[PDB]
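Undergrad: experimental structure and its sequence below.
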Amino acid sequence: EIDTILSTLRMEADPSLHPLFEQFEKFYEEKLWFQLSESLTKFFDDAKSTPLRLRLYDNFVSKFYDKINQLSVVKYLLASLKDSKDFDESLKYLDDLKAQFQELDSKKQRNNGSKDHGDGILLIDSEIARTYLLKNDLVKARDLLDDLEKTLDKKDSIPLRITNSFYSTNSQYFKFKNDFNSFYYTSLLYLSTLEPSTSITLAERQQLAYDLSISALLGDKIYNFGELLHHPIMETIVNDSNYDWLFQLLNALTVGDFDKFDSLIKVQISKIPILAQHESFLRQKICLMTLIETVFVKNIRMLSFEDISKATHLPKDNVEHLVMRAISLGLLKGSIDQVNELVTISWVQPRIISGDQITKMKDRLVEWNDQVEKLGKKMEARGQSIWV
Amino acid sequence: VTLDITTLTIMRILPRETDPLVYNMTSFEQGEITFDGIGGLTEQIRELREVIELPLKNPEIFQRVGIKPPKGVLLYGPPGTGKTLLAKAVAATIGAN
Amino acid sequence: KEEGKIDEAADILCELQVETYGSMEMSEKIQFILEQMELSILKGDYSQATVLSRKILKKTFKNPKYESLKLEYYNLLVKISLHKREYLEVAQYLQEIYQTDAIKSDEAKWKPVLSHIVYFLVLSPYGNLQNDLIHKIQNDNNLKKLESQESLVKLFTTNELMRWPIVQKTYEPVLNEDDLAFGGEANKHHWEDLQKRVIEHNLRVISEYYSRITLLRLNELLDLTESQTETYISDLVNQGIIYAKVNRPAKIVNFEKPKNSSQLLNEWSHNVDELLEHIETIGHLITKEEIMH
Amino acid sequence: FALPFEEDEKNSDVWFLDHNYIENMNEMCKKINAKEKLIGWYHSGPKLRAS
Amino acid sequence: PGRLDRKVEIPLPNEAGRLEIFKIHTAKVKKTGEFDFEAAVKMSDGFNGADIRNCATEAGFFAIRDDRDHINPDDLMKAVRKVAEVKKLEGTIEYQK
Amino acid sequence: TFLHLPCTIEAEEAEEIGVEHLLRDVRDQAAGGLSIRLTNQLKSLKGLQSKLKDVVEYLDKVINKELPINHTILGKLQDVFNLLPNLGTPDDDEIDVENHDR
Ligand SMILES: Nc1ncnc2c1ncn2[C@@H]1O[C@H](COP(=O)(O)OP(=O)(O)O)[C@@H](O)[C@H]1O
Ligand SMILES: [Mg+2]
């Protein structure tokens, strides 16, 4: 019955994969499908070049799929149909899988009397949306994704798996469109909803890390460069050639530093043609961030244009243009005076976290803590008719 | 309005109670009657258009001259004339409510 | 119409059949009215033509039956407002065509009308309500299916500085292709009115962003000379779009307002309250992270 | 109104909440005022525990 | 002045105005074919359109006496002689102000 | 995690009468004369003093003990600094004209 299914795939398979097959016979026979759910999940890590896995999953889709969590049917299948680069085939199989879950659920909600099976339907819509994105039918996925969004907001008891599939899919949509800002924030939402459970690979970490860094550089309102640095994802891979510069570019922006930043930018024109037409953008961007850092870090809030001029290595004419661009973008609110030659800022959007920024805030409260304490004695003492 | 008998405070709106008679006629259109469907009062339909129909389409000409656009028509004549029927025929042309 | 007696002939049709009818059909009647309006366009009496439009009701074109005459009704009106260089009115008339289902539904047919709408909204002067109307089109997704139109419009929707010589050079070959807003012969001289709007935009943006500026700086910002700068500000004070004080020896121009003692300390009233508000919120968030973490 | 409740501070993954009592109290409380329905639970403090 | 400014007088339907009024009414009720309208108008001289509506009813009464659901030409002749006496006696040629 | 909702406390006019007269004190929910309003200024300032201290301390314990970072706290407290008044500005000069008037 299953005997043919497992025996054929052995020959096709690498020898080092032979035991796995035999372990699938074994936990069928024990009638213990707890260990089976783990074994299938494991299979695609060791065999992601070969779609031996997809053919294997077919048998188990139609057998246990209420006698195993449905969460686990979505986890092993996703690796198989994502990396399938025949996407007609992907759509067709997923739609038939959805029809089986819609029949099943009506009797089984009262029959088990402990389990749910409506959870599974949402996730299939997410996989269906991903297949459309790769296929390059970006609009078809997005309107599927919007209807799915509605359902999710009206539930509050939904698994942590559901949110993880939905945000991943939404990120891929903004990466096709190349909306840098939109990508950055929705990929941050994937990172949060990450599960210790297998629903990631080793490949995916390194590739989100590349795409995040690139988006960040080219955002129009990002200043979450320090937030990325401190994050695990980008921390571990800096020792490879691709992610070496990529780290040092991200680092030179965080710190406002021009000597390291400009030296990197020369290399990347030749190296990467993506960053050979954003050359103008990246130089305006470092200067823009530094501008907010210099006035703010001081306890005087109003600052002459001259000091900015040597700092952003630009003359006075561009200083005013930098300042104007920020206000437009809704990053600062304030005034420009070329009469008094002053920039007087009065609203700031949140700064990067760093220990030393913390230190400068903590020292700044000290100054005015003294005044409250000394005044609190004067007023108390004074008054002889406080309740007389 | 509707107000408590416990604290004499207006709690909530009471939308105004429609008076049935005038309300029935606002709701549905009383039209059309045809111009050549009325016989012998045919002149008197036209004469109404000059008073009402002209300044309604364009207040714009009356405003050029500066003389006020003219309104107020008293309908009279022995009963059964069908002047209430003519009220409908005038406003049937304009499609007026 | 072939003949020179188009003057004479224009007049015949308009006198007689302007008067009402009591036994003629509306379909037949409208068709002559458009004709009468077209002839009033050809003569150069647009004062005639504006009356003829409203002597047929706007409410007899909102049926599917007179959906064909809806396209015509709004086509002839455009031209009447277009000659009297009144651009606010042209834009609305064209948005009725766009919303017409035949134009909206077909891919090709929507393109010529939508480019017209954009052109006239941008040549309209920036009102209060103007911002909302250009930001409707902005929200449209069929704005996104042209790229000439896309780049052009976004510049003025958003508050941002964009120099007159960059517009003059770049957008001359792009927009002279489409006729009757920049490539007509009567509308060639609407490139002069492109210049007035960009710089007028430039002055409104600058009003927010500066509060005092020298006149010498401002000549670079608009790229206009000293004489031109002072003059174009002074008219804006008469149309009541800004308040500025303009110093005639080429000194300084201040786009800011005379204030009162009271008003300025109202902002301090708010900064102090909001600062305090933060100290209250902060106080219970600290305790929360203290116990739990 | 009070609910029956216990806690053991050794392991806070241990506590006693009565399942009978809530239903019975809700039924009674719908009679006295029409205002009354369960909209949360109070804690007696003194702090916000992660428990 | 400024409330009513124009006065439109409504008179009676004329000798060929009275003619049209018959036509609307006959259609409105049931009939078996009638054509006597050229004579009936002379009999009905000086009638309001209210009394032309009453006459059709009058013929309607005569017919249901012969046990017919459709108005005969013969009834319409009978109807108009009856209405006519009654019209003069309770007669009104009056104008209201 | 748990989102603070601020509180001010309220009662219907049914309950409130019994509260006002049962109370047999000065009340922090009502006030009398000028004398009580001098009290209020001392009490209101004392609350600021204590509350500021908690903020500094929290900043200390983040860089010493090394409790995890919160950009909710640090972000809100970033705003406080730009909202901050300073001295020597034309604004303070407008306060002094009003102090002479009053
Ligand atoms: N011109 C007419 N054409 C057809 N029916 C008419 C005409 N004039 C009068 N009538 C009839 O007389 C009836 C009564 O007229 P109505 O409008 O109620 O009148 P009034 O206010 O003058 O009493 C009408 O409903 C209609 O049947
Ligand atoms: Mg009447």
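TA: Right, received. Where do you want to start? Residues are numbered from 1 along each chain as shown, chains lettered A, B, ... in the order given. Ligands and ions are numbered 1, 2, ... in the order given.
Undergrad: quick check: residues of chain B near chain E?
TA: Where proximity means C-beta under 8 Å from any C-beta of the partner chain, the interface of chain B facing chain E comprises B:37-42, B:44, B:47-48, B:51, B:70-83, B:85-86. The way it works is simple: take the backbone N, C-alpha and C, and place the C-beta from them, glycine included.
Undergrad: where does the residue of chain D found nearest ligand 1 fall, helix, sheet strand or coil?
TA: When C-beta to the nearest ligand atom is the measure, chain D has its nearest residue to ligand 1 at residue D:34, with 55.2 Å between them. Assigned by DSSP: H, G, I helix; E, B strand; the rest coil, the conformation of residue D:34 is coil.
Undergrad: and the helix or strand where residue E:82 lies, anywhere near ligand 1?
TA: Here residue E:82, judged by DSSP states H and E, is contained in helix E:73-89. No - judged by C-beta under 6 Å from any ligand atom, helix E:73-89 stays clear of ligand 1, getting no closer than 13.3 Å.
Undergrad: run through the helices of the stretch 251-388 of chain A in chain order.
TA: When secondary structure is read from DSSP state H, counting those that start in this stretch, the stretch 251-388 of chain A shows helices at A:258-271, A:279-297, A:305-311, A:316-329, A:355-381.
Undergrad: filter the residues of chain B next to chain E to the buried ones?
TA: When neighbours are counted using 16 or more other C-beta atoms under 10 Å in any protein chain shown, the residues of chain B next to chain E contain these buried positions: B:38-42, B:44, B:48, B:51, B:73, B:75, B:77-78, B:80-83, B:86.
Undergrad: in helices, which of the residues of chain B next to chain E appear?
TA: B:42, B:44, B:47, B:48, B:83, B:85, B:86 (DSSP state H).
Undergrad: residue B:73 is in contact with the fifth one, correct?
TA: No - here residue B:83 lies out of contact with residue B:73, judged by C-beta atoms under 8 Å, at a distance of 10.2 Å.
Undergrad: re the thing from before, give the buried residues for the helix holding residue E:82.
TA: Counting neighbours by 16+ other C-beta under 10 Å, one finds that the buried residues in helix E:73-89 are E:73, E:75, E:76, E:77, E:79, E:80, E:82, E:83, E:84, E:87.
Undergrad: for ligand 1, what is the nearest residue in chain F?
TA: For chain F, C-beta to the nearest ligand atom, closest residue to ligand 1: residue F:13, 59.1 Å.
Undergrad: in which helix or strand does the most centrally placed residue in chain E reside?
TA: For chain E, the residue lying nearest the average C-alpha position, counting by C-alpha atoms, centre = their mean, turns out to be residue E:52 (1.4 Å). Assignment of secondary structure by DSSP H and E places residue E:52 within helix E:49-66.
Undergrad: buried sites along that helix?
TA: E:49, E:51, E:52, E:53, E:54, E:55, E:56, E:58, E:59, E:60, E:62, E:63.
Undergrad: so what's the residue of chain E found nearest chain F closest to, chain neighbours aside?
TA: When scored by C-beta to the nearest C-beta, chain E has residue E:3 as its residue closest to chain F, at 52.2 Å. Nearest in space to residue E:3, with sequence neighbours left out and distances taken as C-beta to C-beta, 6 or more residues apart in numbering or on different chains, is residue B:72 at 5.2 Å.
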